[PDB]
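Novice: Residue numbers (the UniProt record's numbering), protein chains in the order written: chain A, 2 to 46, 82 to 122; chain B, 2 to 46, 82 to 122; chain C, 2 to 46, 82 to 122.
Every residue gets a Cβ at the ideal spot worked out from N, C-alpha and C, and that includes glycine.
Following this message is one structure expressed as C-alpha cells.
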Amino acid sequence: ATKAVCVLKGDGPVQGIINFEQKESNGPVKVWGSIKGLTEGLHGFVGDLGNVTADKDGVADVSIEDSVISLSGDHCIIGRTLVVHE
Amino acid sequence: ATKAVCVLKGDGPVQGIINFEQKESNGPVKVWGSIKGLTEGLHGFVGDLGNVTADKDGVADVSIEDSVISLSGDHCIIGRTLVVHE
Amino acid sequence: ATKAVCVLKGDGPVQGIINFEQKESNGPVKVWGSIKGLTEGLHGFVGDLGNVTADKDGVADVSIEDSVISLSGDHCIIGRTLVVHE
C-alpha cells in the first residue's frame with residue numbers, strides 16, 4: 002500500500018481523518034471540534085446524561101487570533117498609546 | 002504496508018486521526034477538542085452523569101493568540117505607552 | 002508493515018491518534034483537549085457522577101499565547117513605558 006492513511010476492513014464508524022502535507026507553509030493552521038463515539042450490542046461477535089464542552093468567553097476591545105500581521109516602519113504600537121510631536 | 006497510519010481490522014469507533022508532514026513550516030499549529038468514547042455489551046465475544089469541559093474565560097483589551105506579528109523599526113511598543121518628542 | 006502508527010485488530014474505541022513529522026519546523030504546536038473512555042459488560046469474553089475539567093481564567097490587558105513576534109530595532113518595549121526625547 003506504500004503510503005496509505007486510514008486503511009481498514011470491517012465495520013465501526015471512522016471520524017476525523019486529516020492529512021496535512023506542507024512545503025514551506027509559513028502560515029497558521031487550526032484544527033478544532035469535539036468528537037463523541039459509542040459502541041453497544043456486539044452480541045455473538082443505564083442511560084448516562086452527559087455533554088462534551090469546548091466553548092470560550094471573555095470581553096476585550098482588541099482581539100487577534102490565528103492571524104498574520106506585519107507593520108514595519110516607525111511608531112508601530114499595538115494597544116492604547118499617546119504620541120506628541122514637538 | 003510501508004507507511005500506513007490508522008490501519009485496522011474489525012469494529013470499534015475510531016476518532017481523531019491526524020497526519021502532519023511539514024517541510025520548513027515556520028508557522029503555528031493548534032489542535033484542540035474533546036473526545037468521549039464508550040463501549041458496552043460485547044456479550045459472547082448504572083448511568084453515570086458526567087461532562088468533559090475544555091472552555092476558557094478572562095477579560096483584556098489587547099489579546100493575541102496563535103498569530104504571527106512582525107513590527108521592525110523604531111519605537112516598536114506593545115501595550116500602553118507615551119512618547120513625547122522635544 | 003514497515004512504518005505503521007495505529008495498527009490494530011478487534012474492537013474497542015480508539016481516540017486521539019496524532020502523527021507529527023516536521024522538517025525544520027521553527028514554529029509553535031499546541032495539542033489539547035480532554036478524553037473520557039469507559040468499557041462495560043464484556044461477558045463471556082453503580083453510577084459515578086464525575087466530570088473532567090481543563091478550563092482557564094485570569095484577567096489582563098496584554099496577553100500573547102502560542103504566537104510569534106519579532107520587533108527588531110530601537111526602543112523595542114513590551115508593556116507600559118514612557119519615552120521622552122530632549
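Identify whether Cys-112 of chain C lies in helix, strand or coil by the three-state DSSP scheme.
Specialist: Here residue 112 of chain C is taken as the residue at index 76 of the third sequence, counted from 1. In this structure, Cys-112 of chain C counts as strand in the three-state DSSP scheme.
Novice: Is the Cβ of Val-120 of chain C closer than 8 angstroms to any Cβ of chain A?
Specialist: Position 84 of the third sequence, counted from the first residue, corresponds to residue 120 of chain C. Chain A contact via Cβ: absent.
Novice: Classify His-121 of chain B as helix, strand or coil using the three-state DSSP reduction.
Specialist: By one-based count along the second sequence, residue 121 of chain B stands at place 85. The answer is strand: DSSP assigns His-121 of chain B an E or B state.
Novice: Is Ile-113 of chain A closer than 8 angstroms to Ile-100 of chain B when the C-beta atoms are compared?
Specialist: For the purposes of this step, residue 100 of chain B is taken as residue 64 along the second sequence, with counting starting at 1. For the purposes of this step, residue 113 of chain A is taken as residue 77 along the first sequence, with counting starting at 1. No, these two residues do not count as a Cβ contact at 8 angstroms.
Novice: If we ignore side chains and look at the alpha-carbon of each, how far apart do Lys-10 of chain C and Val-15 of chain A end up?
Specialist: Walking along the third sequence from the start, residue 10 of chain C turns up at place 9. Walking along the first sequence from the start, residue 15 of chain A turns up at place 14. Roughly 15 angstroms between the two C-alpha positions.
Novice: Distance check for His-44 of chain B and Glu-25 of chain B, CA to CA, integer angstroms please.
Specialist: Here residue 25 of chain B corresponds to residue number 24 of the second sequence, with the count starting at 1. Here residue 44 of chain B corresponds to residue number 43 of the second sequence, with the count starting at 1. Spanning the two alpha carbons is a distance of roughly 50 angstroms.
Novice: Would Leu-107 of chain C be called buried (16 or more neighbouring beta carbons within 10 Å of its own) or exposed?
Specialist: Residue mapping note: residue 107 of chain C aligns to position 71 of the third sequence, counting from 1. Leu-107 of chain C should be labelled buried.
Novice: What span of residues does the beta strand (DSSP E) with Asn-20 of chain B cover, start to end?
Specialist: Residue mapping note: residue 20 of chain B aligns to position 19 of the second sequence, counting from 1. Counting along the chain, the beta strand (DSSP E) containing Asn-20 of chain B begins and ends at 15-24.
Novice: Would you report the Cα separation of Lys-37 of chain B and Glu-22 of chain C, rounded to the nearest angstrom?
Specialist: Here residue 37 of chain B corresponds to residue number 36 of the second sequence, with the count starting at 1. Here residue 22 of chain C corresponds to residue number 21 of the third sequence, with the count starting at 1. In a straight line, the C-alpha of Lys-37 of chain B is about 26 angstroms away from that of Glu-22 of chain C.
Novice: Would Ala-90 of chain B be called buried (16 or more neighbouring beta carbons within 10 Å of its own) or exposed?
Specialist: Here residue 90 of chain B is taken as the residue at index 54 of the second sequence, counted from 1. Label assigned to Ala-90 of chain B: buried.
Novice: What span of residues does the beta strand (DSSP E) with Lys-10 of chain C cover, start to end?
Specialist: Within the third sequence, numbered from 1, the residue matching residue 10 of chain C stands at position 9. Counting along the chain, the beta strand (DSSP E) containing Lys-10 of chain C begins and ends at 8-11.
Novice: According to DSSP, what are the bridge partners of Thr-89 of chain A?
Specialist: Translated into the one-based positions of the first sequence, residue 89 of chain A becomes position 53. Bridge partners of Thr-89 of chain A: B:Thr-89.
Novice: In three-state terms, what does DSSP make of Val-30 of chain C?
Specialist: Residue numbering aside, residue 30 of chain C sits at position 29 when the third sequence is read from its first letter. It is a strand residue.
Novice: Report the three-state DSSP secondary structure of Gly-38 of chain C (helix, strand or coil).
Specialist: The residue labelled residue 38 of chain C in the question sits at position 37 within the third sequence. Looking at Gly-38 of chain C - three-state DSSP - the assignment turns out to be strand.
Novice: In this structure, what does DSSP give as the bridge partners for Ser-99 of chain C?
Specialist: What you label residue 99 of chain C is simply residue 63 of the third sequence in a count that begins at 1. Answer is B:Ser-99, bridged to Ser-99 of chain C.
Novice: Taking DSSP as the reference, what is the three-state secondary structure of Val-104 of chain A?
Specialist: Your numbering for residue 104 of chain A matches position 68 in the first sequence. Residue state, collapsed to three classes: strand.
Novice: Report all residues from its chain with a CB closer than 8 angstroms to the CB of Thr-40 of chain C; omit the five preceding and five following residues, and keep chain order.
Specialist: Mapped onto the third sequence, residue 40 of chain C falls at position 39. Excluding sequence neighbours, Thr-40 of chain C sits near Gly-13.
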